[PDB]
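Peer 1: Show me the folded form of this:
(chains A, B and C, ligands or ions: 3)
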Amino acid sequence: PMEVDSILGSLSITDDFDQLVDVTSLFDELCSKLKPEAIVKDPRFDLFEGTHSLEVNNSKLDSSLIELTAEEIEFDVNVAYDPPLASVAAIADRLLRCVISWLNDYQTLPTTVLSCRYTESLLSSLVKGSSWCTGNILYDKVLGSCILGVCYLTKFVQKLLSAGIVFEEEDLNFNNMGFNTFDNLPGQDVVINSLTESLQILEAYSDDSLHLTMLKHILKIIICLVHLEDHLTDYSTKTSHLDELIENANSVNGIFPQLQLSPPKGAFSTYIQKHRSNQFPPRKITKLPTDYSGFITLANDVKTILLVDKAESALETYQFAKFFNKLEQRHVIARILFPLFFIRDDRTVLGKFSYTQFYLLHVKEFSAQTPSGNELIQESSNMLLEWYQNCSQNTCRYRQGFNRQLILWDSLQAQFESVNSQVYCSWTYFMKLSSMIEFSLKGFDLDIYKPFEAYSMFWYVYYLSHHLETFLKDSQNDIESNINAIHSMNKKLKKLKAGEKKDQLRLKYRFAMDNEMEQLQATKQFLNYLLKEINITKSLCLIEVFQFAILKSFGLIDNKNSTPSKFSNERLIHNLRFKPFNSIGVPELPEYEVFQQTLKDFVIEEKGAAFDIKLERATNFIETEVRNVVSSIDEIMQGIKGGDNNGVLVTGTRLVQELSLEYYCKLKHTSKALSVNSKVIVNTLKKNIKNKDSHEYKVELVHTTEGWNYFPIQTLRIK
Amino acid sequence: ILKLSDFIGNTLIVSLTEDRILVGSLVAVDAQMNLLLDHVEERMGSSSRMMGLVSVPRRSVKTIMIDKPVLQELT
Amino acid sequence: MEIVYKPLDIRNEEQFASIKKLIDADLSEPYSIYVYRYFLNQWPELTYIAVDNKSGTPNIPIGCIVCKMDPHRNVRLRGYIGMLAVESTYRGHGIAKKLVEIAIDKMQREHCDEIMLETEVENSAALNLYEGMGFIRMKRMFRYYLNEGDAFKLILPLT
Ligand SMILES: [Cl-]
Ligand SMILES: [Cl-]
Ligand SMILES: [Cl-]
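Peer 2: Numbers count the residues shown, from 1 in each chain, chains lettered A, B, ... in the order given. Ligands and ions are numbered 1, 2, ... in the order given. You can find the structure just below:
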């Protein structure tokens, strides 16, 4: 207000327009003639576009009305606030925790990195071509290097998002409020040198304080964050800077309780939302993390990404994609990094194979057959790469990615089928049916399905798993037939005496052993693992189906909505749930009547002693099958620990050995919980029938805390 | 003779209740003189900034002004 | 209490403003006037209010529902429930459920093939109300409500 430039600036507002006429009166006359329902607008314009509009004099939609304190309004970057070392250290600390809040906690960029007045100041001078002079070495040189390091980081995040790997404003917010630095922002060498030079200034200080130790660790942390681009520019697998990031983050965490930090008031504010061009409503600053543990999570997640470079087969990459992001959602930086690190600049996979070579490796390890630029293979290779990329999506988008895949895998399989290419048709079928199963079970982890829908989905996945097991069993029989054909040659050689025809048979037999046998054995043991895994899935779904049928036998749950409504019917609701599988020909989606009839065979409609005998068969199956599942999981876990060279199983889990063990451990926990819960249900319901004033129960799909929540526990609970 | 339809698509000057002034292209107007403006520039004294698509209610509008050469062009 | 459910009168300006006040109180993030004008001017027949006839203020809206409908893909009409608000003093009397029922009944009579809405996965009361009418969850959206959590996409099939 009192400032000079705002005063004189009032006269300059109308300078651009040579002559202005007031038309307020004409506007009100015309608007009065309009009918109340009427809107005057361009005929081409759609009124939905106005649904994302701001509104003046609305506190929640007007950033011009943001309330700021005097310190927030008057904060000056050129003032060296006292005490300088403690203040600079507190400024750098909060900026780093703003980085964590932005990336780890999914907060907006305007409320984290851009809330700092120093980052705004540097980015503003960088747009034209430190940007503040305080005369103090901590503010001008040390803190300036810090701001430059973080600004270099956000620029690198912008490059990561430009690849379109993940979804904007869902996995990662990048509203930089119109900032474009062109080529003005310096390169990596300048930033690292600037941060190193500030480190040497801190070494020169004779006095040692906890604040000084803090600032040294902060500076080295920033250097490590600047080095994260090495994994894309040079595809480096080195973990030195990542290990340093962990060490320094751990040292700072022990320092946090020992000292108190207070940044200068107004250093971080919503000021930039109010005065910089902003097309979005104002947002408050969310509470920041209290420690640097988020940097540890970031460093380990990126370290996991680099492990895929060590893969020596298609099965090792496949299992890496199945497990690296499966137990819990990885950091967004690591999730963007994996597809860019896996699918590289020169249109190669890991710099080792081309796209078609990588695809043919998957077919070869699954079918054990040599091929002996095709368009079908080109499309299949692209389809497979999209499958890998979908693995690093968030837990919701992961399931949504299969919606697109299922119909594209089906169309691809039918196109292979029309040209009678049965090897690729076979592998496509395996991927489609595995994706159908994974897509369906993933709905339980996201709580998509209501308890009354539990039978429909679990039985459908059992139905799918039965077809997958039949397909895999036939595949393994063909492999064994090829293995025995080679064995029969050796038997025939022993019968043959020395002759020219024996030379032919020895020639055929030696080539097979040298070129085909080793892959056949590996494929046979791989299919052995897939059969064990799919039988575990098949058994667990059946266990769930039996559990549901026991609950319905006691009248506690039905396969439709309990409280009917006038608007819809159960057939329409059933068809809507299975719409994603409706266009897939093989295996055909069972008709609504088949779902109903199958449940009737499971449900015990008898009463009294006859009911008790049939219930005992159902509960004994659940307990017996749970123990068999535990035995199968145990065998798989032994195979994972033993490795792929032990002659029985091939799992390809070398790169994700710990994570795959942790998964099956969680799967074993869920299996045991299913059996325990079945006993609780039966004991509870037998007592309940006896009593006339029985309790009113509801069924809930409960997640096991240390289990695998593709198979929730159908739990009774008093209403 | 004039209509509101002639005005849409043309830059307007809308001073608000405070010292702030909005310059934007008129997108829509309703019966209660609520305006929707696109490419809005918010001018306050010395400062200027872009705010995109903004709607201004009846109470908030102090005045509406248009450039003289643009106004005659609409007719 | 004598609640009456009636369609919106687009000519009434005070009725319009009262709907905005109700909906804005519940929202963490509000709507502009042109958000309301996008719904009410183009689908006036798909917005309903609830009034207490025996209240001291009889014709003031104490609850409302705002809906639209558009073709989805090319072959199906999708009804959409945009807003649902009930005044704090009138909660717990099944007023919201009656507003949803009268709106869906209108959209069904307008030949909607399905009704779609989004809601918070943590909103137990909304999930119980909609799923009790036959809605099922068709999608989960990651951090759709920012720090309030994910969303469910609910769909009720009519044809
Ligand atoms: Cl502060
Ligand atoms: Cl082919
Ligand atoms: Cl069913």
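
Peer 1: Every contact and neighbour count from this point should use C-alpha atoms.
Peer 2: OK.

Peer 1: what's the longest helix in chain A?
Peer 2: helix A:454-495 (DSSP state H).

Peer 1: And chain C, is it touching that?
Peer 2: No - using C-alpha under 8 Å from any C-alpha of the partner chain, helix A:454-495 never reaches chain C; the gap is at least 12.6 Å.

Peer 1: Reduced to three states, what does the residue nearest the centre of chain B come out as?
Peer 2: In chain B, the C-alpha nearest the mean C-alpha coordinate belongs to residue B:12, at 3.8 Å (C-alpha atoms, centre = their mean). The local conformation at residue B:12, judged by DSSP: H, G, I helix; E, B strand; the rest coil, is strand.

Peer 1: now do residue B:23
Peer 2: Going by three-state DSSP: residue B:23 is strand.

Peer 1: Quick check: beta-bridge partners of it?
Peer 2: residue B:13, residue B:41 (DSSP bridges).

Peer 1: pretty sure it is touching residue B:48, no?
Peer 2: No - checked against C-alpha atoms under 8 Å, the pair residue B:23 and residue B:48 is beyond contact range at 10.4 Å.

Peer 1: who touches both of these two?
Peer 2: B:41, B:42 (C-alpha atoms under 8 Å, 6 or more residues apart in numbering or on different chains).

Peer 1: What's the separation between the residue in chain C positioned nearest to chain A and residue A:48?
Peer 2: Residue of chain C nearest chain A, by C-alpha to the nearest C-alpha: residue C:35 (4.5 Å). Per C-alpha to C-alpha, to the nearest Å, residue C:35 is found 8 Å from residue A:48.

Peer 1: Over to residue A:109?
Peer 2: Taking C-alpha to C-alpha, one finds residue A:109 at 27 Å from residue A:48.

Peer 1: When those two are compared, which one has more neighbours?
Peer 2: residue A:109 (21 against 12; other C-alpha atoms under 10 Å in any protein chain shown).

Peer 1: Now do the strands in the stretch 1-150 of chain A.
Peer 2: Assigned by DSSP state E, counting those that start in this stretch, the strands in the stretch 1-150 of chain A fall at A:20-22, A:39-41, A:54-55.

Peer 1: Determine which stretch of the ones you listed is the most buried.
Peer 2: strand A:54-55 (a mean of 26; mean count of other C-alpha atoms under 10 Å in any protein chain shown).

Peer 1: what are the pairing partners of it, and which direction each?
Peer 2: strand B:47-56 (parallel).

Peer 1: sorry, back to before: next secondary structure after the longest helix of chain A?
Peer 2: Using DSSP states H and E, the next helix or strand after helix A:454-495 towards the C-terminus is helix A:500-512.

Peer 1: tell me which residues in the very next helix or strand once past that following helix are buried?
Peer 2: Per DSSP H and E, the first helix or strand lying C-terminal to helix A:500-512 is helix A:518-553. By neighbour count with 16 or more other C-alpha atoms under 10 Å in any protein chain shown, helix A:518-553 contains the buried residues A:519-553.

Peer 1: Find the nearest non-adjacent residue to the residue most central in space within chain A, please.
Peer 2: Geometric centre of chain A, nearest residue: residue A:394, 2.8 Å, by C-alpha atoms, centre = their mean. Excluding the flanking residues, the one nearest residue A:394 by C-alpha to C-alpha, 6 or more residues apart in numbering or on different chains is residue A:329, at 6.5 Å.
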